[PDB]
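> Show me how the following folds:
(5 chains, ligands or ions: 4)
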Amino acid sequence: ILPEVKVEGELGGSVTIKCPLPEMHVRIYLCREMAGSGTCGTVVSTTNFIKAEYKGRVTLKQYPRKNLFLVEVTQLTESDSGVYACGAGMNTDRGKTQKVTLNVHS
Amino acid sequence: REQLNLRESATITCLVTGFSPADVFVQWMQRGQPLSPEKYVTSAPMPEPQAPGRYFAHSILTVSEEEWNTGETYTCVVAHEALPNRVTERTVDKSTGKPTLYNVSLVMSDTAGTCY
Amino acid sequence: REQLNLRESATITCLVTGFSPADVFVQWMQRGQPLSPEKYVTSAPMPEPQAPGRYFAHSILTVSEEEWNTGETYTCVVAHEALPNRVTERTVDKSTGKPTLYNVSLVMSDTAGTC
Amino acid sequence: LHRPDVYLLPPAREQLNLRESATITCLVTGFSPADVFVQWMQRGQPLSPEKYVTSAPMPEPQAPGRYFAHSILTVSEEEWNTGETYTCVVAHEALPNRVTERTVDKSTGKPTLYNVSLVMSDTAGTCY
Amino acid sequence: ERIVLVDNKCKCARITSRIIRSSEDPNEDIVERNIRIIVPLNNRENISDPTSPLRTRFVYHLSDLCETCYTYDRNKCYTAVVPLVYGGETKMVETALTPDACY
Ligand SMILES: *[C@@H]1O[C@H](CO)[C@@H](O[C@@H]2O[C@H](CO)[C@@H](O)[C@H](O)[C@H]2NC(C)=O)[C@H](O)[C@H]1NC(C)=O
Ligand SMILES: *[C@@H]1O[C@H](CO)[C@@H](O)[C@H](O)[C@H]1NC(C)=O
Ligand SMILES: *[C@@H]1O[C@H](CO)[C@@H](O)[C@H](O)[C@H]1NC(C)=O
Ligand SMILES: *[C@@H]1O[C@H](CO)[C@@H](O)[C@H](O)[C@H]1NC(C)=O
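Residues are numbered from 1 along each chain as shown, chains lettered A, B, ... in the order given. Ligands and ions are numbered 1, 2, ... in the order given. Please find the structure below.
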């Protein structure tokens, strides 16, 4: 198992998410896994991709020096809530490395 | 599946995708023996609407139905600068290409054993 | 179990413990009565570091695996002069433990699982 | 001249029904010529010699040149809720590493609830 | 809580164990043992040669786990050699059978 870091928002406007950056892997995603089936749907990932809904409010900045990657999301709405994950490899499910939760008190 | 219903000839494809820049090189061999360049056709790199500055290409090989139904194995080797080994390959046959049977022989023993 | 799976003669021990005064005559029999009792070896009584007035013993019986894994029980007997009938005996075998039920949970769904 | 084979056994199931104590037995066999002694350490700390009682080397029932010995130790019944694993050890000249630490714990032993959960998929080509 | 006895990656077997507390008593503390194998289904017989027939039989001697192999590992590269006839020059080249894990 791997950590279950949790973050909150304290009313909308901005939010910041951090996950560990593995080595020797080129793909990095933050799929939301908020589906009844459970199959995680990649939201924002490298190798060129993005979410039909999440556009212009999502960006990724990988930092090998700190062994971390940073994703910045502007504003906030009702849809982009729940939980989120992080990982690598070429299999969104079975390749996760964290389970973060997103909530807003607004 | 519908093509095999006709029991005439079978066509195997190989879709390379999302390589920048262009000029990928593709070849086909059957059970470890390379085939003639005239038995298959290769496309040319074309732009990718979904991905800016990305290219893709196709390749098809045609063989008789009997050959496909004799467990013969075919592979699609490709060569590109990005490839770490500069060469990679994928392989399929009758049993692996969307099969109609999953024959399995799961067998375990000494489940108790001595485990430490 | 590490002794059984290594293809070595299984050894069964009878831990006679707590008899006072120091006099005991352990015996090993199969199918009803003992056969060549020298087959096994036993030890003399010895003290304990606890309680005033106690003695313990031991016994080892060596049997091949093709017999231990297939039938018989090899009961042990203890002959102390304070027993209700002067004779007491215990017995073990392969199935002297617990049923140990299984809970097989085979899954053939390629969509969900694998975790 | 053969490797001294060694084994360890846990307390009896019916022994854990009077709530007084428990015994753990470490059996040492072989070691020709007979040169062994056992020291019962727990967590790397040797126990008092008054607890374990080694007796003597004894020839095996059929003894061309082989021998054997038995050594037990007494513990408290209420301490087995945590185990502590009560390690055993043997020493002999016919051993490449002259130590064969042997230890068991409540967890080690016979299982009473098997729970096999095998799964079948087509994306298991690589073990993540 | 659960300790791990086997973590084989070639057979994806994860043998573990746990003891569950009884109903407020130190007796009948039943022990457990969990086994989880994940069959590949789409892998070949000779995992490093993409010509051998498909893998039908799966034999699991649990004693050995606690050499023919079944699955790949997320931390290793598999390679092979193939003939290329570019310019009528048969030539052997190392091919990354499992790419993205050879970087
Ligand atoms: C599985 O495939 C491997 C690779 O072809 C076989 O081992 C190779 O054998 C050739 C000669 O036949 C050598 O040139 C290679 O060096 C070998 N590979 C390695 C990694 O040493 C192997 O024998 C095959 N197994 C079976 C059962 O056929
Ligand atoms: C299916 O498996 C059985 C053995 O379980 C074997 O006899 C049979 O040949 C297999 N089917 C095919 C098509 O190979
Ligand atoms: C049997 O397995 C199920 C899960 O498949 C579990 O809920 C149940 O506790 C198991 N039975 C026992 C007696 O442990
Ligand atoms: C048996 O295994 C399944 C799958 O891991 C698990 O859900 C269940 O709780 C287990 N049962 C017991 C009693 O541990």
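> Check which residues of stretch B:48-63 are buried.
Going by neighbour count (16 or more other Cβ atoms under 10 Å in any protein chain shown), the buried part of stretch B:48-63 is B:48, B:54-57, B:59, B:61, B:63. Using the backbone N, CA and C atoms, a C-beta is placed for each residue, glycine as well.
> Greatest separation within those residues: which pair is it?
B:54 and B:63 (31.0 Å; Cβ to Cβ).
> From chain B, how far off is residue A:29?
16 Å (Cβ to the nearest Cβ, to the nearest Å).
> Identify the bridge partners of that residue.
Legend: beta-bridge partners of residue A:29 under DSSP bridges are residue A:45, residue A:87.
> can you count the residues close to it?
Applying other Cβ atoms under 10 Å in any protein chain shown, we find 25 residues neighbouring residue A:29.
> quick check, stretch E:71-85 touching chain C?
No. Applying Cβ under 8 Å from any Cβ of the partner chain, one finds stretch E:71-85 out of contact with chain C, separated by at least 11.9 Å.
> Endpoints of that stretch, how far apart?
32 Å (Cα to Cα, to the nearest Å).
> So which of the buried residues of stretch B:48-63 reach ligand 4?
When contact is defined as Cβ under 6 Å from any ligand atom, those do not meet ligand 4 at all.
> Among these, which are located in helices?
Members of the buried residues of stretch B:48-63 lying in helices (criterion: DSSP state H): none.
> Can you show me the strands along chain A?
Using DSSP state E, the strands of chain A run over A:14-20, A:59-63, A:68-74, A:82-87, A:96-102.
> From the chain's centroid, how far away is the last one?
In terms of Cα atoms, centre = their mean, to the nearest Å, the centre of strand A:96-102 is set 7 Å apart from its chain centre.
> Run the angle between it and strand A:14-20 for me.
Here strand A:96-102 runs at an angle of 160 degrees relative to strand A:14-20 (axes from the mean of the first three to the mean of the last three Cα atoms, to 10 degrees).
> do the same with the shortest one
Relative orientation of strand A:59-63 versus strand A:14-20 (the same axes, to 10 degrees): 40 degrees.
> How are the strands of chain E distributed by residue range?
According to DSSP E, the strands that chain E contains are E:3-4, E:16-19, E:31-35, E:38-39, E:57-61, E:72-73, E:79-84, E:91-96.
> Distance to residue A:32 for these - can I get that in a markdown table?
Shown next, in a markdown table, are these (distance: least, Cβ to Cβ, whole Å):
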| stretch | distance to residue A:32 |
| --- | --- |
| strand E:3-4 | 30 |
| strand E:16-19 | 30 |
| strand E:31-35 | 30 |
| strand E:38-39 | 25 |
| strand E:57-61 | 36 |
| strand E:72-73 | 29 |
| strand E:79-84 | 37 |
| strand E:91-96 | 33 |
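> and those strands, which is most packed in?
strand E:38-39 (a mean of 23; mean count of other Cβ atoms under 10 Å in any protein chain shown).
> Which neighbouring elements make contact with that strand?
Applying 3 or more Cβ pairs under 8 Å, 6 or more residues apart in numbering or on different chains; DSSP states H and E, we find strand E:38-39 packed against strand D:119-120.
> Is the strand it packs on positioned near chain A?
No. With Cβ under 8 Å from any Cβ as the criterion, chain A is not reached by strand D:119-120; the gap is at least 11.7 Å.
> what sits up against that strand?
With contacts defined as Cβ atoms under 8 Å, 6 or more residues apart in numbering or on different chains, strand D:119-120 is touched by B:104, C:106-108, C:110, C:113-114, E:36-39, E:41.
> and the closest residue in space to residue E:58 that isn't next to it in sequence, how many neighbours?
Excluding the flanking residues, the one nearest residue E:58 by Cβ to Cβ, 6 or more residues apart in numbering or on different chains is residue B:106, at 5.4 Å. Using other Cβ under 10 Å, residue B:106 has 13 other residues around it.
> now swap in the one 5 residues further on and tell me
By the criterion of other Cβ under 10 Å, residue B:111 has 15 neighbours.
> Quick check: residues of chain B near ligand 2?
So chain B meets ligand 2 at B:103, B:105 (Cβ under 6 Å from any ligand atom).
> mind checking how far the residue in chain B that ligand 1 sits nearest to is from residue B:38?
Relative to ligand 1, the nearest point of chain B is residue B:32 (10.7 Å; Cβ to the nearest ligand atom). Per Cβ to Cβ, to the nearest Å, residue B:32 is found 20 Å from residue B:38.
> Give the residue from the two that has the larger number of neighbours.
Taking other Cβ under 10 Å, residue B:32 and residue B:38 do not tie; residue B:32 has more neighbours (10 against 6).
> just to revisit the earlier point, may I see the buried residues of stretch B:48-63 organised as a markdown table, with distance to residue E:19 added?
Shown next, in a markdown table, are those (distance: Cβ to Cβ, whole Å):
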| residue | distance to residue E:19 |
| --- | --- |
| B:48 | 57 |
| B:54 | 55 |
| B:55 | 59 |
| B:56 | 56 |
| B:57 | 59 |
| B:59 | 58 |
| B:61 | 59 |
| B:63 | 60 |
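> quick one: which of those is nearest to residue E:87?
Using Cβ to Cβ, the buried residues of stretch B:48-63 come closest to residue E:87 at residue B:59, 19.5 Å.
> ok so, going back, which of the buried residues of stretch B:48-63 lies closest to residue E:4?
Set against residue E:4, the nearest of these by Cβ to Cβ is residue B:54 (43.0 Å).
> Could you measure from the closest residue to the closest one other than its chain neighbours over to chain C?
Residue nearest to residue B:54 in three dimensions, not counting chain neighbours: residue B:48, with 4.0 Å by Cβ to Cβ, 6+ apart. Distance from residue B:48 to chain C, counting by Cβ to the nearest Cβ: 29 Å.
> follow-up on the earlier one: which of the strands of chain A is buried the deepest?
strand A:82-87 (a mean of 20).
> Tell me the helices and strands packed up against that one.
With 3+ Cβ pairs under 8 Å, 6+ apart as the test, strand A:82-87 has strand A:14-20, strand A:96-102 packed against it.
> Measure how far it is from the centre of its chain, please.
The chain centre lies 5 Å from the centre of strand A:82-87; the measure is Cα atoms, centre = their mean.
> try stretch A:72-88
That offset, for stretch A:72-88, works out to 6 Å (Cα atoms, centre = their mean).
> same question, stretch A:13-29
Centre to centre, stretch against its chain (Cα atoms, centre = their mean), the figure for stretch A:13-29 is 7 Å.
> gap between the two ends of that stretch?
OK, stretch A:13-29 end separation, Cα to Cα: 23 Å.
> what does stretch A:36-55 give?
Stretch A:36-55 has an end-to-end distance of 23 Å (Cα to Cα).
> Stretch E:63-72 too?
22 Å.
> which residue does chain B bring closest to ligand 3?
residue B:111 (16.0 Å).
> what's the distance between that residue and residue A:94?
From residue B:111 to residue A:94 the distance is 26 Å (Cβ to Cβ).
> Check residue A:18 too.
For residue A:18, the distance to residue A:94 - Cβ to Cβ - is 23 Å.
> Also residue B:24?
29 Å.
> show me the contacts for residue E:80.
B:89, E:48-50, E:94-95, E:97.
> try 6 Å
E:95, E:97 (Cβ atoms under 6 Å, 6 or more residues apart in numbering or on different chains).
> residues in contact with the closest residue to residue E:68 other than its chain neighbours?
Of all residues not flanking residue E:68 in the chain, residue E:45 sits nearest, at 7.8 Å (Cβ to Cβ, 6+ apart). Listed by Cβ under 6 Å, 6+ apart, the contact set of residue E:45 reads E:52-53, E:55.
> 10 Å instead?
Neighbour list for residue E:45: E:51-57, E:68, E:70 [criterion: Cβ atoms under 10 Å, 6 or more residues apart in numbering or on different chains].
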